[PDB]
$ cat run18.cif   # mmCIF, C-alpha atoms and all ligand atoms
data_my_file
loop_
_atom_site.label_atom_id
_atom_site.label_comp_id
_atom_site.auth_asym_id
_atom_site.auth_seq_id
_atom_site.Cartn_x
_atom_site.Cartn_y
_atom_site.Cartn_z
CA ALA A 1 25.36 31.84 83.32
CA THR A 2 22.53 33.10 81.19
CA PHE A 3 23.02 35.53 78.31
CA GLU A 4 19.82 37.00 76.96
CA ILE A 5 20.53 38.05 73.36
CA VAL A 6 18.06 40.62 72.10
CA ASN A 7 17.77 41.96 68.56
CA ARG A 8 16.45 45.51 68.70
CA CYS A 9 17.61 46.16 65.14
CA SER A 10 15.04 46.70 62.45
CA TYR A 11 16.68 43.91 60.43
CA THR A 12 17.22 40.25 61.18
CA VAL A 13 20.51 39.18 62.70
CA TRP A 14 21.92 35.73 63.22
CA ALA A 15 23.41 35.69 66.70
CA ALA A 16 26.60 33.68 67.26
CA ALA A 17 28.28 32.49 70.48
CA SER A 18 31.61 30.70 70.55
CA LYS A 19 34.80 30.37 72.59
CA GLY A 20 36.86 29.86 69.45
CA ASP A 21 37.25 26.12 69.55
CA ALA A 22 33.67 25.26 70.44
CA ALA A 23 30.13 26.60 70.34
CA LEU A 24 28.64 28.16 73.42
CA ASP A 25 25.14 26.67 73.83
CA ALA A 26 23.76 26.00 70.33
CA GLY A 27 26.34 28.41 68.90
CA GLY A 28 23.99 30.46 66.71
CA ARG A 29 20.35 31.28 65.95
CA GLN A 30 18.26 33.58 63.80
CA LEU A 31 16.80 36.60 65.66
CA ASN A 32 14.15 38.54 63.78
CA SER A 33 13.63 42.17 64.74
CA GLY A 34 12.55 42.23 68.38
CA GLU A 35 13.32 38.59 69.17
CA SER A 36 15.21 37.43 72.27
CA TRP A 37 17.25 34.23 72.56
CA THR A 38 18.57 33.14 75.95
CA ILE A 39 21.66 30.97 76.05
CA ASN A 40 23.47 29.14 78.84
CA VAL A 41 27.25 29.50 79.03
CA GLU A 42 29.22 27.13 81.25
CA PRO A 43 30.85 28.68 84.36
CA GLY A 44 34.54 29.16 83.91
CA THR A 45 34.21 29.93 80.19
CA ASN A 46 37.35 31.81 79.15
CA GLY A 47 37.56 33.91 76.03
CA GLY A 48 33.89 33.69 75.05
CA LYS A 49 32.42 35.97 72.41
CA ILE A 50 28.96 36.87 71.15
CA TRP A 51 28.38 38.73 67.91
CA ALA A 52 25.76 39.46 65.25
CA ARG A 53 25.87 38.18 61.69
CA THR A 54 24.03 39.97 58.87
CA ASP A 55 22.61 39.00 55.49
CA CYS A 56 22.77 35.28 56.03
CA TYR A 57 21.40 32.36 54.06
CA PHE A 58 21.33 28.80 55.44
CA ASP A 59 19.97 25.59 53.94
CA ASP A 60 17.94 22.93 55.81
CA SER A 61 21.15 21.45 57.28
CA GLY A 62 22.45 24.69 58.81
CA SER A 63 25.03 25.47 56.13
CA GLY A 64 25.28 28.69 54.18
CA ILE A 65 26.92 32.12 54.29
CA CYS A 66 26.76 35.49 56.05
CA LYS A 67 28.03 38.84 54.73
CA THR A 68 29.44 39.77 58.18
CA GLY A 69 30.49 37.46 60.99
CA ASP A 70 30.37 34.22 59.00
CA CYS A 71 31.77 31.36 61.10
CA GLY A 72 32.77 28.75 58.55
CA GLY A 73 29.36 28.80 56.86
CA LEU A 74 27.52 27.31 59.87
CA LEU A 75 24.26 28.51 61.46
CA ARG A 76 25.48 26.98 64.70
CA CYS A 77 28.90 28.57 65.12
CA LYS A 78 31.82 26.52 66.44
CA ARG A 79 34.54 29.06 65.70
CA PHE A 80 34.88 32.86 65.67
CA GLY A 81 33.35 34.89 62.88
CA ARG A 82 34.76 36.64 59.85
CA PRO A 83 35.37 40.37 60.39
CA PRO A 84 33.97 42.97 60.48
CA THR A 85 32.23 41.92 63.78
CA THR A 86 31.47 44.06 66.83
CA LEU A 87 32.42 41.69 69.68
CA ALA A 88 30.89 41.14 73.10
CA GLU A 89 33.74 39.43 74.96
CA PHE A 90 33.80 37.68 78.31
CA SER A 91 35.64 35.39 80.66
CA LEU A 92 33.62 33.94 83.56
CA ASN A 93 34.63 32.78 87.03
CA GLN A 94 38.25 33.87 86.75
CA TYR A 95 39.48 33.72 90.34
CA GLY A 96 36.07 34.70 91.64
CA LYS A 97 35.18 37.41 89.10
CA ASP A 98 33.73 37.85 85.61
CA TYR A 99 35.26 40.15 83.01
CA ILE A 100 33.35 41.70 80.08
CA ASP A 101 34.14 44.17 77.29
CA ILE A 102 33.12 45.22 73.80
CA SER A 103 35.85 45.19 71.14
CA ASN A 104 36.18 46.84 67.76
CA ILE A 105 39.58 45.12 67.20
CA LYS A 106 37.89 42.88 64.60
CA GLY A 107 35.92 45.79 63.15
CA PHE A 108 32.29 46.76 63.53
CA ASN A 109 29.11 45.57 61.91
CA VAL A 110 26.18 46.02 64.31
CA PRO A 111 25.87 48.34 67.37
CA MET A 112 25.73 46.52 70.67
CA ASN A 113 25.12 46.99 74.41
CA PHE A 114 26.58 44.36 76.75
CA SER A 115 25.25 44.72 80.31
CA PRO A 116 24.83 42.58 83.41
CA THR A 117 21.30 41.67 84.41
CA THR A 118 22.46 40.99 87.98
CA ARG A 119 23.95 43.39 90.53
CA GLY A 120 27.41 44.74 91.11
CA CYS A 121 28.82 46.28 87.92
CA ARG A 122 28.08 48.43 84.91
CA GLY A 123 27.47 47.57 81.27
CA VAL A 124 29.35 48.80 78.21
CA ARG A 125 28.06 49.99 74.87
CA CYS A 126 29.25 50.72 71.33
CA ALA A 127 26.17 52.13 69.60
CA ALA A 128 27.46 55.00 67.44
CA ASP A 129 26.95 54.84 63.66
CA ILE A 130 30.40 53.45 62.94
CA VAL A 131 29.36 51.98 59.59
CA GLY A 132 27.93 55.24 58.26
CA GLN A 133 30.98 57.20 59.42
CA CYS A 134 33.58 54.57 58.51
CA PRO A 135 36.78 55.85 56.79
CA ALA A 136 36.73 55.08 53.06
CA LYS A 137 39.65 52.68 53.22
CA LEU A 138 38.12 50.64 55.99
CA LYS A 139 34.65 50.15 54.45
CA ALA A 140 33.90 46.47 53.76
CA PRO A 141 32.15 45.99 50.37
CA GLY A 142 30.38 43.04 51.94
CA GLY A 143 29.06 45.40 54.69
CA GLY A 144 30.45 46.87 57.94
CA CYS A 145 33.62 48.74 58.90
CA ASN A 146 36.83 46.69 58.93
CA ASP A 147 39.60 47.12 61.42
CA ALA A 148 42.94 48.22 59.95
CA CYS A 149 44.68 44.91 60.74
CA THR A 150 42.16 43.08 58.52
CA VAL A 151 42.69 45.59 55.69
CA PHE A 152 46.42 46.19 55.75
CA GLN A 153 48.04 43.24 57.64
CA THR A 154 50.95 45.20 59.21
CA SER A 155 52.69 44.45 62.49
CA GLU A 156 51.65 47.89 63.71
CA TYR A 157 47.91 47.39 63.15
CA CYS A 158 47.90 43.73 64.17
CA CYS A 159 50.19 44.27 67.20
CA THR A 160 52.08 41.23 66.07
CA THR A 161 55.09 41.90 68.31
CA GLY A 162 53.08 43.09 71.30
CA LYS A 163 54.47 46.59 70.67
CA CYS A 164 52.04 48.83 68.82
CA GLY A 165 50.55 52.28 69.34
CA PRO A 166 47.25 53.90 68.45
CA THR A 167 46.79 54.81 64.81
CA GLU A 168 44.59 57.11 62.69
CA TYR A 169 42.36 54.11 62.17
CA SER A 170 42.17 52.97 65.83
CA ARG A 171 41.44 56.55 66.87
CA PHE A 172 38.37 56.58 64.61
CA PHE A 173 36.89 53.63 66.44
CA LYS A 174 37.87 55.10 69.79
CA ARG A 175 36.32 58.46 68.97
CA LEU A 176 32.97 56.95 67.97
CA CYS A 177 33.02 54.37 70.81
CA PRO A 178 35.29 55.29 73.70
CA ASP A 179 34.11 52.34 75.77
CA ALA A 180 35.22 49.59 73.38
CA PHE A 181 38.71 48.36 72.57
CA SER A 182 39.99 50.06 69.40
CA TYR A 183 43.33 48.21 69.08
CA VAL A 184 45.09 45.37 70.85
CA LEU A 185 46.97 47.52 73.35
CA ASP A 186 44.24 50.07 73.99
CA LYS A 187 43.82 51.28 77.54
CA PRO A 188 41.44 48.52 78.79
CA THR A 189 37.73 49.16 79.03
CA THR A 190 37.13 45.77 80.65
CA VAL A 191 34.49 45.71 83.41
CA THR A 192 34.91 43.48 86.49
CA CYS A 193 31.62 41.86 87.49
CA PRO A 194 30.82 39.49 90.35
CA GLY A 195 31.60 35.87 89.59
CA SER A 196 28.57 34.10 88.02
CA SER A 197 26.77 37.22 86.93
CA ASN A 198 24.18 37.03 84.15
CA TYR A 199 24.02 39.29 81.10
CA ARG A 200 22.07 40.72 78.20
CA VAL A 201 23.59 41.46 74.78
CA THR A 202 21.34 43.93 72.89
CA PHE A 203 21.91 44.60 69.18
CA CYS A 204 20.91 48.13 68.10
CA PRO A 205 20.30 49.32 71.68
CA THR A 206 19.53 52.89 70.67
NA NA J 1 37.93 37.99 77.19
NA NA J 2 40.24 42.24 74.24
#
$ encode --input "run18.cif" --output "structure tokens"
Amino acid sequence: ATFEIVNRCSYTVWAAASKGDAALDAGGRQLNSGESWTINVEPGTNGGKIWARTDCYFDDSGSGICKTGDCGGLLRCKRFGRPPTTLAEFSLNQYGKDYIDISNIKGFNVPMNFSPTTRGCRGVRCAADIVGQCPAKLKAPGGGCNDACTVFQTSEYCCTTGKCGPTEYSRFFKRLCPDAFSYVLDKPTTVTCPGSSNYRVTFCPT
């Protein structure tokens, strides 16, 4: 499956693609403002994610740091990134279908649209100014808007026991972006797409 990753932001982002225990494609690349990077994701990929990293520095060998989304200091991500990270999430070829969503469960750093480029389903988007509007206690000094689990580490925010409800904090994310997950047990906003669809992830879509 192809994922075209497009940076419409006015600032550089470092795109990242991982399934948690491995890179997807090269795992990460710099995208200047306007640039597009197309990756290939193996069919059957379960639990894949794409995200943006901001304010990154890497040496010649691909080692460095990012202020949001850092994945172990690597340009080419092998693992998931450090919150806050708006997440494009997907599982491909799962009994004949693909499944996509955007999640704010790990916070928000960069607005994103995640849409198919092939027929048969809709895209999803979280493009509101969540950083500018972020509650004081959730603001990350490094940049971005943390989720409450990251800040406060309680069973209720982290849904540790699989029993949790919405919270003041999850409702903020849900209000700004109704079409993304705001906490672990949120009413799903997952889209079912035809098996082997292709996609475009656009940072700063509006
Ligand atoms: Na998923
Ligand atoms: Na999810």
$ residues_near_ligand --input "run18.cif" --ligand "ligand NA 1 (chain J)" --cutoff "12 Å" --atoms "all atoms listed in the file" --output "count of residues only"
30
$ atom_distance --input "run18.cif" --atom1 "atom CA of residue 30 of chain A" --atom2 "atom CA of residue 16 of chain A"
9.0 Å
$ closest_residue --input "run18.cif" --among "A:104, A:12, A:133, A:153" --to "ligand NA 2 (chain J)" --atoms "all atoms listed in the file"
A:104
$ closest_residue --input "run18.cif" --among "A:105, A:112, A:131, A:164" --to "ligand NA 2 (chain J)" --atoms "only C-alpha atoms and all ligand atoms"
A:105
$ atom_distance --input "run18.cif" --atom1 "atom CA of residue 148 of chain A" --atom2 "atom CA of residue 136 of chain A"
11.5 Å
$ atom_distance --input "run18.cif" --atom1 "atom CA of residue 174 of chain A" --atom2 "atom CA of residue 151 of chain A"
17.7 Å
$ closest_residue --input "run18.cif" --among "A:206, A:146, A:182, A:32" --to "residue 167 of chain A" --atoms "all atoms listed in the file"
A:182
$ closest_residue --input "run18.cif" --among "A:201, A:96, A:118, A:127" --to "residue 52 of chain A" --atoms "only C-alpha atoms"
A:201
$ closest_residue --input "run18.cif" --among "A:193, A:86, A:110, A:172" --to "ligand NA 2 (chain J)" --atoms "all atoms listed in the file"
A:86
$ closest_residue --input "run18.cif" --among "A:166, A:160, A:35, A:200" --to "residue 186 of chain A" --atoms "all atoms listed in the file"
A:166
$ residues_around --input "run18.cif" --residues "residue 113 of chain A" --least-positions-apart "4" --cutoff "8 Å" --atoms "only C-alpha atoms" --output "PyMOL selection string"
chain A and resi 123-127+200-205
$ residues_around --input "run18.cif" --residues "residue 36 of chain A" --least-positions-apart "5" --cutoff "7 Å" --atoms "all atoms listed in the file" --output "VMD selection string"
chain A and resid 4 to 7 31
$ residues_around --input "run18.cif" --residues "residue 85 of chain A" --least-positions-apart "6" --cutoff "8 Å" --atoms "only C-alpha atoms" --output "ChimeraX atom specification"
/A:51-53,68-69,104,106-110,144
$ axis_aligned_box --input "run18.cif" --around "segment 78-97 of chain A" --padding-each-side "8 Å" --output "JSON"
{"center_x": 35.2, "center_y": 35.3, "center_z": 75.7, "size_x": 24.6, "size_y": 33.5, "size_z": 47.8}
$ residues_around --input "run18.cif" --residues "residue 21 of chain A" --least-positions-apart "5" --cutoff "10 Å" --atoms "only C-alpha atoms" --output "ChimeraX atom specification"
/A:48,77-80
$ write_last_selection --input "run18.cif" --atoms "C-alpha atoms" --output "short mmCIF file (atom, residue, chain, number, x, y, z; two decimals), in the frame of the given file"
data_model
loop_
_atom_site.label_atom_id
_atom_site.label_comp_id
_atom_site.auth_asym_id
_atom_site.auth_seq_id
_atom_site.Cartn_x
_atom_site.Cartn_y
_atom_site.Cartn_z
CA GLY A 48 33.89 33.69 75.05
CA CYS A 77 28.90 28.57 65.12
CA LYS A 78 31.82 26.52 66.44
CA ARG A 79 34.54 29.06 65.70
CA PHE A 80 34.88 32.86 65.67
#
$ build_atoms --input "run18.cif" --residues "segment 102-121 of chain A" --atoms "N, CA and C atoms" --output "PDB file, in the coordinates of the input"
ATOM      1  N   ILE A 102      33.447  45.210  75.213  1.00  0.00           N
ATOM      2  CA  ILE A 102      33.120  45.220  73.800  1.00  0.00           C
ATOM      3  C   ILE A 102      34.407  45.577  73.053  1.00  0.00           C
ATOM      4  N   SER A 103      34.623  44.945  71.898  1.00  0.00           N
ATOM      5  CA  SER A 103      35.850  45.190  71.140  1.00  0.00           C
ATOM      6  C   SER A 103      35.500  45.501  69.718  1.00  0.00           C
ATOM      7  N   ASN A 104      36.149  46.544  69.184  1.00  0.00           N
ATOM      8  CA  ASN A 104      36.180  46.840  67.760  1.00  0.00           C
ATOM      9  C   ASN A 104      37.513  46.417  67.104  1.00  0.00           C
ATOM     10  N   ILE A 105      38.292  45.531  67.759  1.00  0.00           N
ATOM     11  CA  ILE A 105      39.580  45.120  67.200  1.00  0.00           C
ATOM     12  C   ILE A 105      39.392  44.320  65.927  1.00  0.00           C
ATOM     13  N   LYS A 106      38.251  43.636  65.789  1.00  0.00           N
ATOM     14  CA  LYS A 106      37.890  42.880  64.600  1.00  0.00           C
ATOM     15  C   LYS A 106      36.841  43.637  63.766  1.00  0.00           C
ATOM     16  N   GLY A 107      36.800  44.942  63.905  1.00  0.00           N
ATOM     17  CA  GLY A 107      35.920  45.790  63.150  1.00  0.00           C
ATOM     18  C   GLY A 107      34.549  45.894  63.783  1.00  0.00           C
ATOM     19  N   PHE A 108      33.637  46.450  63.012  1.00  0.00           N
ATOM     20  CA  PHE A 108      32.290  46.760  63.530  1.00  0.00           C
ATOM     21  C   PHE A 108      31.283  46.443  62.455  1.00  0.00           C
ATOM     22  N   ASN A 109      30.195  45.750  62.862  1.00  0.00           N
ATOM     23  CA  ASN A 109      29.110  45.570  61.910  1.00  0.00           C
ATOM     24  C   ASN A 109      27.770  46.037  62.455  1.00  0.00           C
ATOM     25  N   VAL A 110      27.473  45.740  63.711  1.00  0.00           N
ATOM     26  CA  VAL A 110      26.180  46.020  64.310  1.00  0.00           C
ATOM     27  C   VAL A 110      26.428  46.640  65.686  1.00  0.00           C
ATOM     28  N   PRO A 111      25.706  47.710  66.051  1.00  0.00           N
ATOM     29  CA  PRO A 111      25.870  48.340  67.370  1.00  0.00           C
ATOM     30  C   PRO A 111      25.380  47.406  68.464  1.00  0.00           C
ATOM     31  N   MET A 112      25.991  47.521  69.636  1.00  0.00           N
ATOM     32  CA  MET A 112      25.730  46.520  70.670  1.00  0.00           C
ATOM     33  C   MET A 112      25.807  47.164  72.055  1.00  0.00           C
ATOM     34  N   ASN A 113      24.963  46.701  72.986  1.00  0.00           N
ATOM     35  CA  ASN A 113      25.120  46.990  74.410  1.00  0.00           C
ATOM     36  C   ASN A 113      25.347  45.643  75.076  1.00  0.00           C
ATOM     37  N   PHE A 114      26.271  45.593  76.036  1.00  0.00           N
ATOM     38  CA  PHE A 114      26.580  44.360  76.750  1.00  0.00           C
ATOM     39  C   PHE A 114      26.530  44.706  78.236  1.00  0.00           C
ATOM     40  N   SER A 115      25.457  44.321  78.926  1.00  0.00           N
ATOM     41  CA  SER A 115      25.250  44.720  80.310  1.00  0.00           C
ATOM     42  C   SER A 115      24.941  43.501  81.178  1.00  0.00           C
ATOM     43  N   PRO A 116      25.331  43.562  82.456  1.00  0.00           N
ATOM     44  CA  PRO A 116      24.830  42.580  83.410  1.00  0.00           C
ATOM     45  C   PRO A 116      23.337  42.773  83.648  1.00  0.00           C
ATOM     46  N   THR A 117      22.675  41.671  83.937  1.00  0.00           N
ATOM     47  CA  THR A 117      21.300  41.670  84.410  1.00  0.00           C
ATOM     48  C   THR A 117      21.228  41.384  85.895  1.00  0.00           C
ATOM     49  N   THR A 118      22.381  41.220  86.544  1.00  0.00           N
ATOM     50  CA  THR A 118      22.460  40.990  87.980  1.00  0.00           C
ATOM     51  C   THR A 118      23.294  42.108  88.591  1.00  0.00           C
ATOM     52  N   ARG A 119      23.362  42.184  89.919  1.00  0.00           N
ATOM     53  CA  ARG A 119      23.950  43.390  90.530  1.00  0.00           C
ATOM     54  C   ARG A 119      25.481  43.422  90.471  1.00  0.00           C
ATOM     55  N   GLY A 120      26.034  44.619  90.651  1.00  0.00           N
ATOM     56  CA  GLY A 120      27.410  44.740  91.110  1.00  0.00           C
ATOM     57  C   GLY A 120      28.377  45.310  90.092  1.00  0.00           C
ATOM     58  N   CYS A 121      27.912  45.702  88.904  1.00  0.00           N
ATOM     59  CA  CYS A 121      28.820  46.280  87.920  1.00  0.00           C
ATOM     60  C   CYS A 121      28.001  46.952  86.822  1.00  0.00           C
TER      61      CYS A 121
END
